[PDB]
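**Student:** build the 3D model from these lines:
(4 chains)
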Amino acid sequence: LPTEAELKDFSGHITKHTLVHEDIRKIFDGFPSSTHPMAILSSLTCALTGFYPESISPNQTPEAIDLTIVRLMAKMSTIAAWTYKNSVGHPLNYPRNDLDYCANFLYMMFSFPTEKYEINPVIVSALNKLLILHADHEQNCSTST
Amino acid sequence: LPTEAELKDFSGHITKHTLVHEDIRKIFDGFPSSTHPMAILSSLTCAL
Amino acid sequence: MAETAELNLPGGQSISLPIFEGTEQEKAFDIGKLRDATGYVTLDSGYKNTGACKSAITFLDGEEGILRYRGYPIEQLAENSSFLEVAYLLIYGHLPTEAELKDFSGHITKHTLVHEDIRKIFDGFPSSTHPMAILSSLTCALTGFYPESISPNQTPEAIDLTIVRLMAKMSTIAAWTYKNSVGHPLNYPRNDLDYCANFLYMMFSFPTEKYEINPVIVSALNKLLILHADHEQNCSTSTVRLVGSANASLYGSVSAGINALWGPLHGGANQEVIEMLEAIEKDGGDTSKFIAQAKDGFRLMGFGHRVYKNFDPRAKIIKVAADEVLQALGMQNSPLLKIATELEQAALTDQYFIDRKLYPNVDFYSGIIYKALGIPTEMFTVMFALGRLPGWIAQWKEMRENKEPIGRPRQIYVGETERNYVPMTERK
Amino acid sequence: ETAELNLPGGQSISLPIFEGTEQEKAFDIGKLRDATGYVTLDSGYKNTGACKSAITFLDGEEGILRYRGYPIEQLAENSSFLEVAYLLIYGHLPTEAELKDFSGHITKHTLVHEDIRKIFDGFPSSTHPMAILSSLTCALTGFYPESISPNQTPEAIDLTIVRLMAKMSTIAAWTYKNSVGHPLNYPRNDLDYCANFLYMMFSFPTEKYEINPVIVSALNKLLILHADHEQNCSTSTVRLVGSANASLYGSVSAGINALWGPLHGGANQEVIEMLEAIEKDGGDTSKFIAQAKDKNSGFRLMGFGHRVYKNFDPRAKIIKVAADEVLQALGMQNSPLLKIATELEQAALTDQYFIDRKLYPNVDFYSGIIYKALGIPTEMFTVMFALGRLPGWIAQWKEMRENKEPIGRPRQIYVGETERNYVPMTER
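**Tutor:** Numbering: from 1, shown residues only, chains lettered A, B, ... in the order given. I have put the structure below:
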C-alpha cells in the first residue's frame, strides 16, 4: 500500500502523462467513426513502442520501467475515451490537470466543449469500485498472453 | 501440396487482396518517418 | 566642421574624398565617386572596413563596453523598460506616449493569432525538425499570406500593420516550434496577457499541468529580449538590410536574417551553452573535467565576445535576473546553479580564461535562464531570433525610409581570360 | 605596390593595389579601421569590391559577360544548363564522364521527401509560387541537418549541391501545379534536366504531353543566360548568409527572397505587366516613351537600366533574337507583346534622353515573352529566374567557403542621439 507521498507522486506522474502525442492523435484521425473501439485501443497501444523506442531497448533500468508504467496507465485512459468520441463524431477532450484518474476518464469520455460537465461523485466512486474489481485475476488468457 | 488449380486460385485471390483500404493508408499517414517498422506492422495489423 | 582625405593612385592620379563624421566621432571617407572618377574599387575581405549605411538605431563601442538604443543606455532600458517599449523605441525612434505604447501592444495582441492555413503548413513538419528550420520556413510563408507586403508603394499605415503582424506572430510561431518537438497541442494566444507572459503561456501551458505566470520569470524574459533586441550591424542585421534593399517583404528579409542567425559563426546564437550544462549534468555534474577537457570551442559556449573587449555590458544585468530566476524556482541548491557557478568562476578567475578574454557573455547567463525554464538546446537560437526581431525590423525600416539603393557590390575577377567553347566530342 | 591615403592630422596609410586577370583594379582597405579608426562610406556598395572571384567576368562598360572565360554567346548557343552548372560550380567544362556522373546524381535526387510534400499540402492554390519556393527550400535544412554541421567534407558538400539542383526543379514544378489545382508529377529518370522539369510542370493526366525539342532548347538557353551574374544582390545575400556557415539550403532561401524584390529578379514579372498595359491602352509606343521621359507621370520604362551594364546587356541581345526564332518555331507569328518590346527598344535606343543615361534593355526585358511562349505563366517568371540562377548561387557559395572568407560584418556610422537618460512613462 503506498504512503501518502508515494500515491501522490504516482497519481501526479500519471496526471502529467495523460496527454497523448499529437502524432498519435493524427494516427487516430485515420480510423473511421464505424471502427470498433477495441481495434483502436489495441492499434494505438502498439504504436506507443514506436514513439517510446527506449521501452524495447535491452537493459531496462527500474526508473525507465517506472516511467513506462505511468505513461501506459495515463495514456490508456485518454485513448479509451478517444474510442468513444470516435463512434459518436464528438471532438476529443484534452485531459484536465485538476481531476483524479476516474473523474478525468469520465470527463474525457462524456464532456462536451459546449458546457461545464457535472462530475457526479456517485458515478466517480462506482467507477473506482468497478475498475478495482477488474484490476487483476491471476493467470487468465490475457494476463498469460 | 496444392494442385495447379488450387495454387492458381490461392495465389490469384492473394494478388487481388494485396490492395490495402485508403483509410488504412490514412492511419499509416500518421506515423512519423522515424517510427520503427515493427510498430507500424503490428499497429496496422490490429487495425484490420 | 568638415574635413577631406586625399587618395594618390599610382600613375600620378589623385582624388579628394569628403569625410563624414557621425554623432559619436566615427569618421568615414565618402568613396561615392571612387569608381566613376578613377576606375578603382575598394577591396574589403568581409566588409570589415566598409560603412554600408548611416544608422540612428544603436551605438556600440566594444573597447569602452558601451551599448545604447536611440541614445538610452542599455542598463536603464533593461532595469526599467519592457520588450515592446524597447521595440517601439528601436523601430519608431522615440520612447512612446502612453497612448502609443497602449495601441502598439494592443495591435500586437490582436495579431498574435496565426492563420489556420499556416498551422496546416506547420502540421507537415515532423516533430524532430530543428526549430530554426520551422521558424525560417513559416516566416518565409507569411509573404504568401500577405501579398500586400511585397507591393511597391505601401502606405506607412500598411508598413506599420506588417510590423505588428510580425512582432505578434513571431512569438506564436516560436512557441509552435517548441510544442512540435514535445508532441503537445498548440495553445491559442490569449487576449488578457502581455507580450512576454503570452509567450510563456503559449510555450509552457499544457492541459495536464497547471501553468502559473510567475512575474519574476516575466520580468527576467523582458530583460533577456531587451538585451538581445539590437546589436548594430552584424551578419544577420546586414542580411535583413541587403534583402530589404531589393524591396523584398519584411517577412522575406527576416527569414533571410534567421538563416544567417542559424549559422554557427554568427556569434551569440550558440545552442552549445545549454548543451554544455546538459553534458556536465549527465557526467555526474563535475565541471572541472569538461572545462579541463574543453581546452585539450568556448566562444560557442557563452565565453568571450568578438566586439566587446574586457566585459559584455549586457552580461552583468542578465546575471542578476539569472539569480532571481533560480531562486524563484526551487533551484537554489540545484546542479544547474552549482555547475553554473563553477564554469563562471573558472571564466572570472582562472587566468587561461582572463588571458584569452573568455569572460561570460550575455548568452552564458541567457542559456542558464533558458535551461532553468526547461527551454531545450534546439530552441536557444529561436529565443535569440525572437529578441533580435524588433532590431531587424528597425534596421529594415530605416534602410527603407533613407531610400538606400539596392546592395549590389563589385568584385575583382581573378579567373580564366577569354577562351572558346570546346564542344564535348573534341575534349576527352 | 600601393595607393597612399592622406587623412586630416598627420595620418597617412599605404593601401596595397590589387589588379585581376581582366585588369580590374582595387586598393585593399583590409587594415584601414585598425590603423586609422576610419571606414569607407558607400551606399549600395557602388564603389566596394566584396571579393575576388574566378567564376564570372562582367565588363559593364562594354557589355561583356563570360563564365570561367567562356563567352556567354557561345555557351548560350552551344552548351546546356547542367554543363554550364558544372562549369560554374567546379571551374572547367566537364568531360563526357563528369557530365554523365553529374546529371545522373541529379536525376536520382529529384524525388522530394513525402513530409515536404505534406508541408506543401498546406499552401493554398492562391499562394504566389515564390512564397512556396522560398519556404520549402528553407525547410530542406530541417530534412538534411548534416548540411549545417561544421566540417562539411567535399563529398558532403557535393551531395548537398546535387540534392539542391535536383529538388529545386521538382519543387518549382509543384508551385505551378499548386496554382492550377493539378496533381503533382513524380520526376522521370528517362528525361534530361530541362525536359524532366517541363514534364513535371506541364504533363497532366487528361492531355497527352509531347516533349517539344524547341521548348527544351529554348529553356536550356534561358536558364544558361540566368545561370550567374557576379556579385548581384541575391548572390551577395547567398555569400553573406553563407559566410556565417549557414546551410547551402538556408543561404539559397535568403537568395530567393532577395531575387523576389521588384528591384531585382521580380522586375521580369513587372516588365510583362507593362507590355500588357500598353497592349490594352492600344496607344502608340512613342506616347509611353514620352511618359517614360516625363519626370513623374507614374510610368517607368521597366526592364531598362542596370547597376553594372552602361551598355547593351549581352543576355538581352541573345533573348531578343531567340524570341523571334522560338515564336516562329512554335507558330506564334506577331506576338503583340514582342512588337511593343522591340518598338520600345527601337525608340529608347534612338532617343537621346535614354542614350545620355546609358539606359538599355536588361535580361528581364525580353525573357517574359519567351517564358509566356513556352506556356509559363507570369507568376512563375521569378521562379524560372531562381531555377536558372541556382547553380550560380551554388558556385558563389562554394568559392566563398573554399576561400575561407571570415563572417561578413559590414559597419555603420552612428548618426543618432548621444547618451540621454531613460524618461519614465508618467513624466512624458
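
**Student:** and the closest residue to chain D within chain A, how far is that from chain C?
**Tutor:** Per Cβ to the nearest Cβ, residue A:26 is where chain A lies closest to chain D, at 10.6 Å. Yep, even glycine has a C-beta here, placed from its N, CA and C like the rest. Per Cβ to the nearest Cβ, to the nearest Å, residue A:26 is found 8 Å from chain C.

**Student:** what number of residues are in the vicinity of that residue?
**Tutor:** Close neighbours of residue A:26, defined as other Cβ atoms under 10 Å in any protein chain shown, add up to 16.

**Student:** who in chain A is up against chain C?
**Tutor:** A:15-19, A:21-24, A:51, A:94-98 (Cβ under 8 Å from any Cβ of the partner chain).

**Student:** just to revisit the earlier point, can you list contacts of the helix or strand containing the residue of chain A closest to chain D?
**Tutor:** If you go by DSSP states H and E, residue A:26 is part of helix A:22-29. When contacts are defined by Cβ atoms under 8 Å, 6 or more residues apart in numbering or on different chains, helix A:22-29 is touched by residues A:40, A:43-44, A:47-48, A:51, A:79, A:82, A:86, A:92, B:26-27, B:29-32, B:43, C:127, C:179, C:183-185.

**Student:** what's the angle from that helix to helix B:37-47?
**Tutor:** 30 degrees (axes from the mean of the first three to the mean of the last three Cα atoms, to 10 degrees).

**Student:** helices along chain A, start to end?
**Tutor:** A:4-16, A:22-29, A:37-51, A:62-88, A:101-110, A:121-134, A:141-144 (DSSP state H).

**Student:** do the third one and chain B meet?
**Tutor:** What it means is helix A:37-51. Yes. Under the criterion of Cβ under 8 Å from any Cβ, chain B is reached by helix A:37-51 at A:39, A:42, A:43, A:44, A:46, A:47, A:49, A:50, A:51.

**Student:** just give the nearest non-adjacent residue to residue A:64, would you?
**Tutor:** Computed as Cβ to Cβ, 6 or more residues apart in numbering or on different chains, the closest residue to residue A:64 that is not its neighbour in sequence is residue A:54, at 6.2 Å.

**Student:** equivalent analysis for residue A:88, please.
**Tutor:** That would be residue A:33: by Cβ to Cβ, 6+ apart, it lies 7.8 Å from residue A:88.

**Student:** my read is that that neighbour contacts residue A:89, right?
**Tutor:** Yes. At 5.6 Å, residue A:33 and residue A:89 qualify as touching, with contact defined as Cβ atoms under 8 Å.

**Student:** residues touching residue A:109, list them.
**Tutor:** Residue A:109 sits in contact with A:80, A:81, A:84, A:85, where contact means Cβ under 8 Å, 6+ apart.

**Student:** ditto for residue A:2
**Tutor:** residue A:10.

**Student:** ok, and the most crowded of the contacts of residue A:109?
**Tutor:** Going by other Cβ under 10 Å, residue A:81 tops the contacts of residue A:109 with 23 neighbours.

**Student:** show the contacting residues for that residue.
**Tutor:** Contacts of residue A:81 (Cβ under 8 Å, 6+ apart): A:92, A:93, A:105, A:108, A:109.

**Student:** any idea how many residues pack against the second one?
**Tutor:** Taking other Cβ under 10 Å as the criterion, the count of residues near residue A:93 is 20.

**Student:** ok, now the first one?
**Tutor:** For residue A:92, the tally of surrounding residues (other Cβ under 10 Å) stands at 17.

**Student:** let me see the contact set for it.
**Tutor:** By Cβ under 8 Å, 6+ apart, the neighbours of residue A:92 are A:25, A:81, A:82, A:85.

**Student:** which one of those is nearest chain B?
**Tutor:** Nearest member of the contacts of residue A:92 to chain B, counting by Cβ to the nearest Cβ, is residue A:25, at 8.1 Å.

**Student:** next one: the helix holding residue A:26 to chain centre, how far?
**Tutor:** 15 Å (Cα atoms, centre = their mean, to the nearest Å).

**Student:** now it: buried residues?
**Tutor:** A:22, A:23, A:24, A:25, A:26, A:27, A:28 (16 or more other Cβ atoms under 10 Å in any protein chain shown).

**Student:** tabulate the CA atom coordinates of that helix in PDB.
**Tutor:** The C-alpha trace of helix A:22-29 is given here as PDB (Å, rounded to 0.1, in the frame of the first residue of the first chain):
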ATOM      1  CA  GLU A  22      -0.100  15.000 -31.400                       C
ATOM      2  CA  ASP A  23       1.200  12.400 -33.900                       C
ATOM      3  CA  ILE A  24      -0.800   9.600 -32.100                       C
ATOM      4  CA  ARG A  25      -3.900  11.800 -32.400                       C
ATOM      5  CA  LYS A  26      -3.200  12.100 -36.200                       C
ATOM      6  CA  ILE A  27      -2.800   8.200 -36.500                       C
ATOM      7  CA  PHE A  28      -6.200   8.100 -34.600                       C
ATOM      8  CA  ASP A  29      -7.600  10.600 -37.200                       C
END
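
**Student:** ok, back up a step: and the buried ones among the residues of helix A:37-51 next to chain B, selectable in PyMOL?
**Tutor:** In PyMOL, a selection of the buried entries from the residues of helix A:37-51 next to chain B looks like this (16+ other Cβ under 10 Å):
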select buried, chain A and resi 42+43+44+46+47+49+50+51
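
**Student:** report the two of the residues of helix A:37-51 next to chain B separated the most.
**Tutor:** Pairwise distances across the residues of helix A:37-51 next to chain B peak at 19.0 Å for A:39 and A:51 (criterion: Cβ to Cβ).

**Student:** who touches residue A:60 in this structure?
**Tutor:** Residue A:60 touches residue A:68, counting by Cβ under 8 Å, 6+ apart.

**Student:** and with 10 Å instead?
**Tutor:** Contacts here follow Cβ atoms under 10 Å, 6 or more residues apart in numbering or on different chains; on that basis residue A:60 touches A:54, A:66, A:67, A:68.

**Student:** and if you look at residue A:106?
**Tutor:** A:77, A:81, A:99, A:117, A:119, A:120, A:123, A:124, A:127.

**Student:** can you list the residues of chain A near chain B?
**Tutor:** Proximity of chain A to chain B (Cβ under 10 Å from any Cβ of the partner chain) is limited to residues A:21-32, A:34-35, A:38-53, A:56.

**Student:** for chain C, see how far away residue A:59 is.
**Tutor:** Residue A:59 is 17 Å from chain C, where distance means Cβ to the nearest Cβ.

**Student:** let me fix that: residue A:139
**Tutor:** 35 Å.

**Student:** just residue A:56 next, same as before
**Tutor:** For residue A:56, the distance to chain C - Cβ to the nearest Cβ - is 19 Å.

**Student:** show me the contacts for the residue nearest to that residue when sequence neighbours are not counted.
**Tutor:** Spatial nearest neighbour of residue A:56, excluding adjacent residues (Cβ to Cβ, 6+ apart): residue A:49 at 5.6 Å. With contact taken as Cβ under 10 Å, 6+ apart, residue A:49 is in contact with A:55, A:56, A:68, B:35, B:36, B:38, B:39, B:42, B:43.

**Student:** and the end-to-end length of stretch A:16-29?
**Tutor:** 23 Å (Cα to Cα, to the nearest Å).

**Student:** actually stretch A:97-105, not the one I typed
**Tutor:** 12 Å.

**Student:** again with stretch A:114-122
**Tutor:** 23 Å.

**Student:** name the residues that touch that stretch?
**Tutor:** A:90-91, A:93, A:96, A:99-100, A:102-104, A:106-111, A:126.
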